[PDB]
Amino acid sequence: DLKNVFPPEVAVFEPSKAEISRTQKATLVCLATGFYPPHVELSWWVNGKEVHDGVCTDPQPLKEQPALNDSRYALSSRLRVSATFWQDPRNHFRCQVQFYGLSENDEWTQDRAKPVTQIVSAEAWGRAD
């Protein structure tokens, strides 16, 4: 019935030393995975403030099982900053995903938590490479 609804799992992937060294820039990547329906809003937060500069988020989520009709989905985003900005241990980076799922009204008898509308986040702190 409603058991095909799943919230996202979210993870932040830290910039590689190779990129920092070669380009003096640092790209963070956020992945939201395993969600259905494909209705999410992803945003980046740096030191508690939402950022839009240096961000690119996929225009469309991708199906993880493109043959399936109600396949779960994934979405990626990148935030690129200067190498010095990433390497500053005072900078806190957060990828936020708002998921639009079930309400409190909805019945639920599955063993997993009720996939309600919610925000799932992942984080990384800046550091020397």
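Counting begins at 1, following the sequence as shown.
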Handout entry: Mean C-alpha temperature factor, higher of 78-86 and 98-106
Key = 98-106
Completion exercise
Entry B factor averaged over C-alpha atoms, 30-38 against 66-74: higher for 66-74
Exercise for the section: Taking the chain's C-alpha temperature factors as the reference, tell me which third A11 falls into: lowest, middle or highest. Expected result: lowest
Completion exercise
Quick tally, chain-level thirds of C-alpha B-factors: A122 sits in the lowest
Exercise for the section: Would you mind ranking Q60 by its C-alpha B-factor against the rest of the chain and naming the third, lowest, middle or highest? Expected result: highest
Fill in the blank from the handout: By the entry's values, the third containing the CA B factor of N91 is the middle
